[PDB]
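Notes to accompany the following structure.
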Amino acid sequence: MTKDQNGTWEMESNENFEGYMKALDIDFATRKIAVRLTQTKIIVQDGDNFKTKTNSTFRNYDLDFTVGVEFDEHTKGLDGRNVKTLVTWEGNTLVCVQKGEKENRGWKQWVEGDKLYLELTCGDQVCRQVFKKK
Ligand SMILES: CC1=C(/C=C/C(C)=C/C=C/C(C)=C/CO)C(C)(C)CCC1
């Protein structure tokens with residue numbers, strides 16, 4: 001296992017604050033809140049089965065999806081829309097991309113360690129998540 005996804009990473013923040021907002025138009029306060037909100041997260045995979053959750057005040061969210069075994073998730077709590085996903089390891093990565101009105105809500109959570117450059121495409125005008133910690 002040359003990846004060790006299973007990590008912690010007190011989220012720093014996203015770059016295109018506004019483009020990720022659009023990925024699921026919560027509200028205008030949403031993006032400004034998350035902009036500065038340095039939340040916590042921590043994934044953990046065992047092979048073909050992983051899970052992670054965010055730790056914010058504003059909103060609580062989670063992905064909890066397998067690795068390539070397509071699944072119709074939901075964004076309940078946040079916006080309340082229906083979605084689907086798909087994940088495939090891509091080096092030290094695990095290319096996820098949402099569906100169900102999304103079609104461009106994917107990430108490039110490739111792990112470096114102490115630093116991390118999750119790239120939140122999330123619709124046109126790609127955003128760059130900015131992680132750092134574990
Ligand atoms: C906008 C927004 C949030 C961001 C959620 C995300 C984007 C969590 C990331 C999950 C992923 C991509 C895990 C893959 O390892 C949360 C709910 C947390 C706080 C307020 C609103």
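Read-outs throughout are calculated quantities, based only on the coordinates presented, and are distinct from any laboratory measurement. Note: ideal-geometry Cβ built from the backbone for every residue, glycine included; neighbour counts use all protein chains shown.
Residues in the stretch 28-49: is at least one outside any loop (DSSP other than H, G, I, E, B), surrounded by 13 or more Cβ atoms within 10 Å (Cβ to Cβ) and touching a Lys or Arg at 6+ places or on another chain (Cβ under 6 Å)? Don't jump to the end; show me each part of the working.
Of the residues in the stretch 28-49, the ones outside any loop (DSSP other than H, G, I, E, B) are 28-36, 40-42, 49.
Adding the requirement that they be surrounded by 13 or more Cβ atoms within 10 Å (Cβ to Cβ) leaves 30-35, 40-42.
Cutting the leftovers down to touching a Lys or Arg at 6+ places or on another chain (Cβ under 6 Å) gives us none.
Checked the stretch 28-49: no residue is outside any loop (DSSP other than H, G, I, E, B), surrounded by 13 or more Cβ atoms within 10 Å (Cβ to Cβ) and touching a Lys or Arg at 6+ places or on another chain (Cβ under 6 Å).
Quick grid of which residues meet (1) touching a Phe, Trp or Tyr at 6+ places or on another chain (Cβ under 8 Å); (2) of a type outside the set (D, E, K, R); (3) not in a strand (DSSP E or B):
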position: 92; (1), (2), (3): yes, yes, yes
position: 101; (1), (2), (3): no, no, yes
position: 116; (1), (2), (3): yes, yes, no
position: 121; (1), (2), (3): yes, yes, yes
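Any idea how many residues of the stretch 67-81 are within 15 Å of residue 106 (Cα to Cα) and either near the ligand (Cβ under 9 Å from one of its atoms) or of a type in the set (S, T, N, Q) (or both)?
Number of matching residues: 1.
Taking the conditions exactly as written (of a type in the set (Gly, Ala, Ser) and surrounded by 15 or more Cβ atoms within 10 Å (Cβ to Cβ)), does residue 106 satisfy them or not?
Values: of a type in the set (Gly, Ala, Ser): yes; surrounded by 15 or more Cβ atoms within 10 Å (Cβ to Cβ): yes.
Yes: the conditions hold for residue 106.
For residues that are within 11 Å of the ligand (Cβ to nearest atom) and out of contact with any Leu (no Cβ under 6 Å at 6 or more places or on another chain), tally how many sit in the stretch 48-60.
The number of residues fulfilling the criteria is 8.
Considering only residues that are part of a loop (DSSP other than H, G, I, E, B) and more than 9 Å from the ligand (Cβ to nearest atom), look in the stretch 8-25 and name the one that is surrounded by the fewest Cβ atoms within 10 Å (Cβ to Cβ). Full working, then the answer.
Start the filter on the stretch 8-25 by keeping residues that are part of a loop (DSSP other than H, G, I, E, B), which leaves 9-12, 15-16, 23-25.
From the residues that got through so far, the ones that are more than 9 Å from the ligand (Cβ to nearest atom) too are 10, 12, 15-16, 25.
Numbers: 10: 14, 12: 17, 15: 15, 16: 20, 25: 11.
That would be 25.
Among the residues of the stretch 26-47, is there at least one that is out of contact with any strand residue (DSSP E or B) (no Cβ under 7 Å at 6 or more places or on another chain), more than 7 Å from the ligand (Cβ to nearest atom) and within 18 Å of residue 76 (Cβ to Cβ)?
Within the stretch 26-47 (the criterion being out of contact with any strand residue (DSSP E or B) (no Cβ under 7 Å at 6 or more places or on another chain), more than 7 Å from the ligand (Cβ to nearest atom) and within 18 Å of residue 76 (Cβ to Cβ)), the answer is yes, since at least one residue qualifies.
Got at least one residue in the stretch 126-134 being free of Cβ contacts under 8 Å to residues at least 60 places away in the same chain and either under 14 Å from the mean Cα position of the chain (by Cα) or assigned to a loop (DSSP other than H, G, I, E, B) (or both)?
Restricting attention to the stretch 126-134, the residues satisfying the condition of being free of Cβ contacts under 8 Å to residues at least 60 places away in the same chain are none.
Checking the stretch 126-134: not a single residue is free of Cβ contacts under 8 Å to residues at least 60 places away in the same chain and either under 14 Å from the mean Cα position of the chain (by Cα) or assigned to a loop (DSSP other than H, G, I, E, B) (or both).
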